[PDB]
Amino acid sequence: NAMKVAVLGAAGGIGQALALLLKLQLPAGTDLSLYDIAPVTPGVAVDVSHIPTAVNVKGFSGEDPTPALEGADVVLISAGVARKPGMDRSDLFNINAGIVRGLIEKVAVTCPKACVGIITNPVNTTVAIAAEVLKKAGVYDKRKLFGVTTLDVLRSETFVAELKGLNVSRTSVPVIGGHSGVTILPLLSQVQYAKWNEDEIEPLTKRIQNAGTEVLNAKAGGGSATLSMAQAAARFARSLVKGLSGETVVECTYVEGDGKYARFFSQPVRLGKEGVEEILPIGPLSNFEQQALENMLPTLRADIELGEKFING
């Protein structure tokens, strides 16, 4: 089963780093298709094609992603602008909403059965945009639409391991909710081998929720979280590919589930041959987490409604 992974937004900061990681991490025989408007894109593919791995790479540019999307099983969307010094979530939605819409319109007609991973922010909102564009095209499969939240997981694993003296490579931290601010809810109470003092929970939780700011407000001037976001995306794509290939994997991801909390909600999901295999429950929460969960819902629902309205008016 020769998998095909397409990257829409392969010329941007996240996109190029993601192209590199996929070239190095994808299983042998996988096809990697890179697309973006900029004419540098075919050149990004040629650059990447020189790395000696058994992953076939092709690059495409111009206004039409259809050629790049041919036979795609996984479509990763990293197009648009990332959060940079002096930009609010409003700037992201302002620029990225129309970009995501146009790309999904092409996914809908070119590879409607692909699993789509939305990396472009704000994920809470941009995933709803994608769902509505797919619905309008009459091909919406909620098992195949994902908001990539994995970066919150990487950050959680890194900080928990640092603070509690655990193995950074083998520490597991579930993260539920959404992908921004108070919607990011790391389930610190479910981490093994970590004894928490009351005073550590809130500061660590706020640190994880506000981690993007540490990058933007770094000394001397700061920048965007380009590289960690690419690795988070690559890690997610890896899990999707495994699921599509028949291997059992579980990832916290933003999907349209039972709607008990919000239409879209990130929780553990077992991935399979059709994308979502089973949306697993969030498990037991501490009083702090239960409270944090209840607190985020109005913000999350608003993020969702903003994306739905962008397409439906």
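One-based numbering along the sequence shown.
- Mean C-alpha B-factor is higher over 210-218 than over the other stretch, the pair under comparison being 108-116 and 210-218.
- The PDB entry reports B-factors from which the mean C-alpha value can be compared for 287-295 and 21-29; the larger average falls on 287-295.
- As recorded in the entry, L163 carries the highest CA temperature factor of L163, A237, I176, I77.
- Across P268, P42, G259, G275, the greatest Cα temperature factor reported in the deposited entry is at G259.
- The PDB entry assigns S49 a C-alpha temperature factor belonging to the lowest third of its chain's modelled residues.
- Annotation for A6: C-alpha temperature factor in the lowest third relative to the rest of the modelled chain, per the entry.
- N124: CA B factor in the lowest third of modelled residues in this chain (values from the PDB entry).
- Compared with the other modelled residues of the chain, the Cα B-factor recorded for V133 ranks in the middle third.
- When the modelled residues of the chain are ordered by their C-alpha B factor, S156 lands in the middle third.
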